[PDB]
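J.: This is the content of query.txt (compact mmCIF, N, CA, C and O atoms):
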```txt
# COMPACT_ATOMS: atom_id res chain seq x y z
N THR A 202 0.84 -1.23 0.00
CA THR A 202 0.00 0.00 0.00
C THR A 202 0.86 1.26 0.00
O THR A 202 1.24 1.76 1.06
N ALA A 203 1.17 1.76 -1.19
CA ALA A 203 1.98 2.96 -1.33
C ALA A 203 1.33 3.97 -2.26
O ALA A 203 0.75 3.60 -3.29
N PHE A 204 1.41 5.24 -1.90
CA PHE A 204 0.82 6.31 -2.71
C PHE A 204 1.82 7.44 -2.93
O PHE A 204 2.29 8.06 -1.97
N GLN A 205 2.13 7.71 -4.19
CA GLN A 205 3.07 8.77 -4.53
C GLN A 205 2.71 9.41 -5.87
O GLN A 205 2.34 8.72 -6.81
N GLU A 206 2.82 10.73 -5.94
CA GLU A 206 2.51 11.46 -7.16
C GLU A 206 3.71 11.49 -8.10
O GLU A 206 4.84 11.27 -7.68
N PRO A 207 3.47 11.75 -9.40
CA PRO A 207 4.53 11.79 -10.40
C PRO A 207 5.46 13.00 -10.25
O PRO A 207 5.02 14.12 -9.97
N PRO A 208 6.78 12.78 -10.43
CA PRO A 208 7.80 13.82 -10.33
C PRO A 208 8.01 14.61 -11.62
O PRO A 208 7.64 14.16 -12.70
N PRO A 209 8.63 15.80 -11.51
CA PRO A 209 8.92 16.69 -12.66
C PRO A 209 9.92 16.06 -13.63
O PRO A 209 10.64 15.13 -13.27
N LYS A 210 9.95 16.56 -14.86
CA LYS A 210 10.85 16.03 -15.88
C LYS A 210 12.25 16.64 -15.80
O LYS A 210 12.41 17.83 -15.54
N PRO A 211 13.28 15.80 -16.03
CA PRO A 211 14.67 16.23 -15.99
C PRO A 211 15.14 16.81 -17.32
O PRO A 211 14.54 16.56 -18.36
N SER A 212 16.22 17.58 -17.28
CA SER A 212 16.77 18.19 -18.48
C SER A 212 17.27 17.11 -19.44
O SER A 212 17.87 16.12 -19.01
N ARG A 213 17.03 17.31 -20.73
CA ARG A 213 17.47 16.35 -21.74
C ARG A 213 18.97 16.09 -21.64
O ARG A 213 19.75 17.02 -21.41
N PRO A 214 19.40 14.83 -21.80
CA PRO A 214 20.82 14.46 -21.72
C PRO A 214 21.63 15.02 -22.89
O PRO A 214 21.08 15.38 -23.93
N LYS A 215 22.94 15.10 -22.70
CA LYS A 215 23.83 15.62 -23.74
C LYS A 215 24.30 14.49 -24.64
O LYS A 215 24.61 13.39 -24.18
N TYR A 216 24.37 14.77 -25.94
CA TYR A 216 24.81 13.77 -26.91
C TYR A 216 25.59 14.42 -28.05
O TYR A 216 25.08 15.28 -28.76
N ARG A 217 26.85 14.00 -28.21
CA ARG A 217 27.70 14.54 -29.26
C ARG A 217 27.19 14.13 -30.64
O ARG A 217 26.44 13.17 -30.77
N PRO A 218 27.61 14.86 -31.69
CA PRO A 218 27.19 14.57 -33.07
C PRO A 218 27.70 13.21 -33.56
O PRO A 218 28.66 12.67 -33.00
N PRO A 219 27.08 12.65 -34.60
CA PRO A 219 27.48 11.36 -35.16
C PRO A 219 28.83 11.42 -35.87
O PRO A 219 29.27 12.50 -36.28
N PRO A 220 29.51 10.27 -36.01
CA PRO A 220 30.82 10.21 -36.67
C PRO A 220 30.72 10.45 -38.18
O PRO A 220 31.78 10.56 -38.83
N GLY B 17 23.87 -7.66 -14.79
CA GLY B 17 24.41 -6.27 -14.85
C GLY B 17 23.62 -5.30 -13.99
O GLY B 17 23.66 -5.39 -12.76
N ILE B 18 22.92 -4.38 -14.64
CA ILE B 18 22.12 -3.39 -13.92
C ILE B 18 20.63 -3.68 -14.08
O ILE B 18 20.22 -4.42 -14.97
N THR B 19 19.82 -3.07 -13.21
CA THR B 19 18.37 -3.26 -13.26
C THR B 19 17.65 -2.04 -12.70
O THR B 19 18.25 -1.23 -12.00
N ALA B 20 16.36 -1.93 -13.00
CA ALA B 20 15.57 -0.81 -12.52
C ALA B 20 14.08 -1.09 -12.60
O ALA B 20 13.64 -2.02 -13.29
N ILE B 21 13.31 -0.28 -11.88
CA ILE B 21 11.86 -0.42 -11.84
C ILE B 21 11.19 0.95 -11.83
O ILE B 21 11.56 1.83 -11.04
N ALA B 22 10.22 1.14 -12.71
CA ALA B 22 9.50 2.40 -12.81
C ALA B 22 8.61 2.62 -11.59
O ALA B 22 7.77 1.79 -11.26
N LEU B 23 8.79 3.76 -10.93
CA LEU B 23 7.99 4.10 -9.76
C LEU B 23 6.52 4.23 -10.14
O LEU B 23 5.63 3.80 -9.41
N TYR B 24 6.29 4.82 -11.30
CA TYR B 24 4.94 5.01 -11.82
C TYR B 24 4.91 4.72 -13.31
O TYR B 24 5.94 4.38 -13.90
N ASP B 25 3.75 4.87 -13.93
CA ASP B 25 3.64 4.66 -15.36
C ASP B 25 4.02 5.94 -16.07
O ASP B 25 3.44 7.00 -15.82
N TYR B 26 5.04 5.87 -16.91
CA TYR B 26 5.52 7.05 -17.60
C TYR B 26 5.56 6.86 -19.11
O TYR B 26 5.68 5.74 -19.61
N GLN B 27 5.47 7.97 -19.83
CA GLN B 27 5.50 7.96 -21.28
C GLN B 27 6.76 8.65 -21.79
O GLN B 27 6.94 9.85 -21.61
N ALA B 28 7.64 7.87 -22.41
CA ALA B 28 8.89 8.41 -22.93
C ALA B 28 8.64 9.45 -24.01
O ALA B 28 8.29 9.12 -25.14
N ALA B 29 8.80 10.72 -23.65
CA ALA B 29 8.58 11.82 -24.59
C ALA B 29 9.88 12.20 -25.30
O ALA B 29 10.25 13.37 -25.36
N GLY B 30 10.57 11.20 -25.84
CA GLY B 30 11.81 11.45 -26.54
C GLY B 30 12.05 10.47 -27.68
O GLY B 30 11.52 9.36 -27.67
N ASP B 31 12.83 10.90 -28.66
CA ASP B 31 13.13 10.06 -29.82
C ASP B 31 13.93 8.83 -29.40
O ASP B 31 13.80 7.76 -30.00
N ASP B 32 14.75 8.98 -28.37
CA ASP B 32 15.57 7.88 -27.87
C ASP B 32 15.12 7.46 -26.48
O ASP B 32 15.92 7.00 -25.67
N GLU B 33 13.83 7.61 -26.20
CA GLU B 33 13.27 7.24 -24.91
C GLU B 33 12.14 6.23 -25.07
O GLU B 33 11.30 6.36 -25.96
N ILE B 34 12.11 5.23 -24.18
CA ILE B 34 11.07 4.21 -24.22
C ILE B 34 10.22 4.28 -22.96
O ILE B 34 10.64 4.83 -21.94
N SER B 35 9.01 3.72 -23.03
CA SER B 35 8.10 3.74 -21.88
C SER B 35 7.96 2.34 -21.28
O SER B 35 8.18 1.33 -21.95
N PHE B 36 7.57 2.29 -20.01
CA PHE B 36 7.38 1.03 -19.31
C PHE B 36 6.45 1.20 -18.11
O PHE B 36 6.42 2.26 -17.48
N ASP B 37 5.70 0.15 -17.79
CA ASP B 37 4.77 0.18 -16.67
C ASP B 37 5.53 0.21 -15.34
O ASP B 37 6.67 -0.24 -15.27
N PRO B 38 4.89 0.71 -14.27
CA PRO B 38 5.52 0.78 -12.95
C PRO B 38 5.99 -0.58 -12.47
O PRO B 38 7.18 -0.80 -12.26
N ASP B 39 5.05 -1.51 -12.32
CA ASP B 39 5.36 -2.86 -11.88
C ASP B 39 6.28 -3.54 -12.89
O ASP B 39 7.05 -4.44 -12.54
N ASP B 40 6.20 -3.11 -14.14
CA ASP B 40 7.03 -3.68 -15.20
C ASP B 40 8.49 -3.30 -14.99
O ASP B 40 8.91 -2.18 -15.29
N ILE B 41 9.27 -4.24 -14.47
CA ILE B 41 10.69 -4.01 -14.22
C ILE B 41 11.52 -4.41 -15.43
O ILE B 41 11.16 -5.33 -16.17
N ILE B 42 12.63 -3.71 -15.64
CA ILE B 42 13.50 -3.99 -16.77
C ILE B 42 14.93 -4.29 -16.32
O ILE B 42 15.27 -4.10 -15.16
N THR B 43 15.75 -4.78 -17.25
CA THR B 43 17.14 -5.13 -16.92
C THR B 43 18.14 -4.39 -17.81
O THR B 43 17.78 -3.80 -18.82
N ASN B 44 19.40 -4.43 -17.40
CA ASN B 44 20.47 -3.77 -18.13
C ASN B 44 20.23 -2.27 -18.22
O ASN B 44 20.24 -1.69 -19.31
N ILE B 45 20.01 -1.64 -17.07
CA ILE B 45 19.75 -0.20 -17.00
C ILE B 45 20.94 0.53 -16.39
O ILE B 45 21.15 0.51 -15.18
N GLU B 46 21.72 1.19 -17.25
CA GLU B 46 22.89 1.94 -16.80
C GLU B 46 22.55 3.42 -16.63
O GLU B 46 21.53 3.89 -17.11
N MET B 47 23.43 4.14 -15.94
CA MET B 47 23.22 5.56 -15.71
C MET B 47 24.24 6.40 -16.48
O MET B 47 25.42 6.43 -16.15
N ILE B 48 23.77 7.08 -17.52
CA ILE B 48 24.63 7.93 -18.34
C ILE B 48 24.59 9.37 -17.84
O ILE B 48 25.63 10.00 -17.63
N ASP B 49 23.38 9.87 -17.65
CA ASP B 49 23.18 11.23 -17.17
C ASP B 49 22.69 11.22 -15.72
O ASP B 49 21.93 10.35 -15.32
N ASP B 50 23.15 12.19 -14.94
CA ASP B 50 22.76 12.29 -13.54
C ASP B 50 21.24 12.40 -13.39
O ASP B 50 20.70 12.15 -12.32
N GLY B 51 20.56 12.79 -14.47
CA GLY B 51 19.12 12.93 -14.43
C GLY B 51 18.40 11.93 -15.31
O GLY B 51 17.20 11.69 -15.14
N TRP B 52 19.12 11.35 -16.27
CA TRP B 52 18.53 10.37 -17.18
C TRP B 52 19.28 9.05 -17.13
O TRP B 52 20.46 9.00 -16.79
N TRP B 53 18.59 7.97 -17.49
CA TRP B 53 19.19 6.64 -17.49
C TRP B 53 19.01 5.97 -18.85
O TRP B 53 18.49 6.58 -19.79
N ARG B 54 19.45 4.72 -18.96
CA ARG B 54 19.34 3.97 -20.20
C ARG B 54 19.40 2.48 -19.92
O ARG B 54 20.35 2.00 -19.29
N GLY B 55 18.41 1.74 -20.39
CA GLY B 55 18.42 0.31 -20.16
C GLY B 55 17.63 -0.46 -21.19
O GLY B 55 17.10 0.12 -22.14
N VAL B 56 17.55 -1.77 -21.00
CA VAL B 56 16.82 -2.62 -21.93
C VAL B 56 15.46 -3.02 -21.36
O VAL B 56 15.37 -3.71 -20.34
N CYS B 57 14.41 -2.58 -22.05
CA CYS B 57 13.05 -2.87 -21.65
C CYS B 57 12.44 -3.87 -22.63
O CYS B 57 12.18 -3.54 -23.79
N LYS B 58 12.22 -5.08 -22.15
CA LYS B 58 11.65 -6.14 -22.97
C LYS B 58 12.45 -6.35 -24.25
O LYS B 58 11.89 -6.55 -25.33
N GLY B 59 13.78 -6.34 -24.13
CA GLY B 59 14.62 -6.56 -25.29
C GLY B 59 15.22 -5.30 -25.90
O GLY B 59 16.39 -5.28 -26.28
N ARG B 60 14.41 -4.24 -26.02
CA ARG B 60 14.89 -3.00 -26.62
C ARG B 60 15.49 -2.05 -25.59
O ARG B 60 15.06 -2.00 -24.44
N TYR B 61 16.49 -1.28 -26.02
CA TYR B 61 17.14 -0.30 -25.14
C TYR B 61 16.37 1.01 -25.18
O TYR B 61 15.41 1.15 -25.94
N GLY B 62 16.80 1.97 -24.38
CA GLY B 62 16.13 3.26 -24.36
C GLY B 62 16.63 4.17 -23.26
O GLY B 62 17.68 3.91 -22.66
N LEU B 63 15.88 5.23 -23.00
CA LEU B 63 16.24 6.19 -21.97
C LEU B 63 15.12 6.27 -20.94
O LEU B 63 13.94 6.15 -21.29
N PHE B 64 15.48 6.44 -19.68
CA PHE B 64 14.49 6.50 -18.62
C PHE B 64 14.62 7.76 -17.78
O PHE B 64 15.70 8.04 -17.25
N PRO B 65 13.53 8.51 -17.59
CA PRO B 65 13.56 9.69 -16.75
C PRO B 65 13.71 9.24 -15.31
O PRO B 65 12.77 8.71 -14.71
N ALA B 66 14.91 9.40 -14.76
CA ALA B 66 15.20 8.97 -13.40
C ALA B 66 14.07 9.33 -12.44
O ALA B 66 13.92 8.71 -11.38
N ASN B 67 13.29 10.34 -12.81
CA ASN B 67 12.18 10.79 -11.99
C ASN B 67 11.09 9.72 -11.86
O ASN B 67 10.47 9.59 -10.81
N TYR B 68 10.86 8.94 -12.92
CA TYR B 68 9.83 7.90 -12.89
C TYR B 68 10.43 6.50 -12.82
O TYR B 68 9.72 5.51 -13.03
N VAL B 69 11.73 6.40 -12.54
CA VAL B 69 12.38 5.10 -12.47
C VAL B 69 13.42 5.05 -11.36
O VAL B 69 13.86 6.08 -10.85
N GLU B 70 13.82 3.83 -11.00
CA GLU B 70 14.81 3.63 -9.95
C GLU B 70 15.55 2.31 -10.14
O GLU B 70 14.93 1.26 -10.27
N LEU B 71 16.88 2.38 -10.17
CA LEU B 71 17.71 1.20 -10.34
C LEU B 71 17.62 0.29 -9.12
O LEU B 71 17.10 0.68 -8.08
N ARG B 72 18.13 -0.93 -9.27
CA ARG B 72 18.11 -1.90 -8.18
C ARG B 72 19.53 -2.31 -7.79
O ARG B 72 20.43 -2.34 -8.63
N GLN B 73 19.72 -2.63 -6.51
CA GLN B 73 21.02 -3.04 -6.01
C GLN B 73 20.91 -4.30 -5.15
O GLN B 73 21.60 -5.29 -5.46
```
Could you write out this structure as structure tokens?

T.:
Amino acid sequence: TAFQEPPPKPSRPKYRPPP
Amino acid sequence: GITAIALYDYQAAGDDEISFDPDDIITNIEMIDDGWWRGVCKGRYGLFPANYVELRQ
């Protein structure tokens, strides 16, 4: 029996350009 | 390897993000970003909002 509301969204991760 | 379980039901709002049910636990979930994760859900890989997910130890 657990009750918890949804959390805020995190900043998008970093990703370098393709080779 | 690694594992995780979604705290709630979330919808991956990203091109490289996948969704999974709360009770639906997945495997091979590594942590790339301090705020985002990445693992294999039912075979396929993806990204998980650490906010709606939690790894296992």

J.: Compile a residue-level contact table for chain A against chain B at a cut-off of 8 Å, reporting for every qualifying residue the shortest atom pair and its distance in Å to one decimal, with all atoms listed in the file counted, rows ordered by chain and ascending number, as CSV.

T.:
```
residue,atom,partner,partner_atom,distance
A:203,O,B:23,O,7.8
A:205,O,B:23,O,6.5
A:206,O,B:67,O,6.7
A:207,C,B:67,O,6.1
A:208,N,B:67,O,4.9
A:209,O,B:67,CA,4.8
A:210,CA,B:67,CA,6.7
A:211,CA,B:51,O,5.3
A:212,O,B:51,C,5.6
A:213,C,B:52,N,7.2
A:214,CA,B:49,CA,6.1
A:215,N,B:49,CA,6.8
```

J.: Rounded to one decimal, what separation in Å do you get between atom CA of residue 71 of chain B and atom CA of residue 216 of chain A?

T.: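 Computing the Euclidean distance for atom CA of residue 71 of chain B and atom CA of residue 216 of chain A yields 22.0 Å.
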
J.: Please indicate the distance in Å from atom O of residue 57 of chain B to atom C of residue 217 of chain A, rounded to one decimal place.

T.: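 Those two atoms sit 24.2 Å apart.
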
J.: Could you list, as JSON, numbers by chain, every residue within 8 Å of residue 58 of chain B, counting only N, CA, C and O atoms and ignoring same-chain residues fewer than 6 positions away?

T.: {"B": [35, 41, 42, 43]}

J.: Have a look at atom CA of residue 69 of chain B and atom N of residue 220 of chain A and let me know their distance in Å, one decimal.

T.: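 Separation of atom CA of residue 69 of chain B and atom N of residue 220 of chain A: 29.6 Å.
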
J.: Around segment 25-42 of chain B, fit a box with edges along x, y and z, padding it by 6 Å on each side, then list its centre and edge lengths in Å to one decimal as lines of an AutoDock Vina configuration file.

T.:
```
center_x = 9.7
center_y = 4.0
center_z = -20.9
size_x = 24.5
size_y = 30.7
size_z = 30.1
```

J.: Limit the output to C-alpha atoms and give chain A as a compact mmCIF listing (two decimals), in the first residue's frame.

T.:
```txt
# COMPACT_ATOMS: atom_id res chain seq x y z
CA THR A 202 0.00 0.00 0.00
CA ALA A 203 1.98 2.96 -1.33
CA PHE A 204 0.82 6.31 -2.71
CA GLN A 205 3.07 8.77 -4.53
CA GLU A 206 2.51 11.46 -7.16
CA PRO A 207 4.53 11.79 -10.40
CA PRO A 208 7.80 13.82 -10.33
CA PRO A 209 8.92 16.69 -12.66
CA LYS A 210 10.85 16.03 -15.88
CA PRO A 211 14.67 16.23 -15.99
CA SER A 212 16.77 18.19 -18.48
CA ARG A 213 17.47 16.35 -21.74
CA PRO A 214 20.82 14.46 -21.72
CA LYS A 215 23.83 15.62 -23.74
CA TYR A 216 24.81 13.77 -26.91
CA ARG A 217 27.70 14.54 -29.26
CA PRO A 218 27.19 14.57 -33.07
CA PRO A 219 27.48 11.36 -35.16
CA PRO A 220 30.82 10.21 -36.67
```
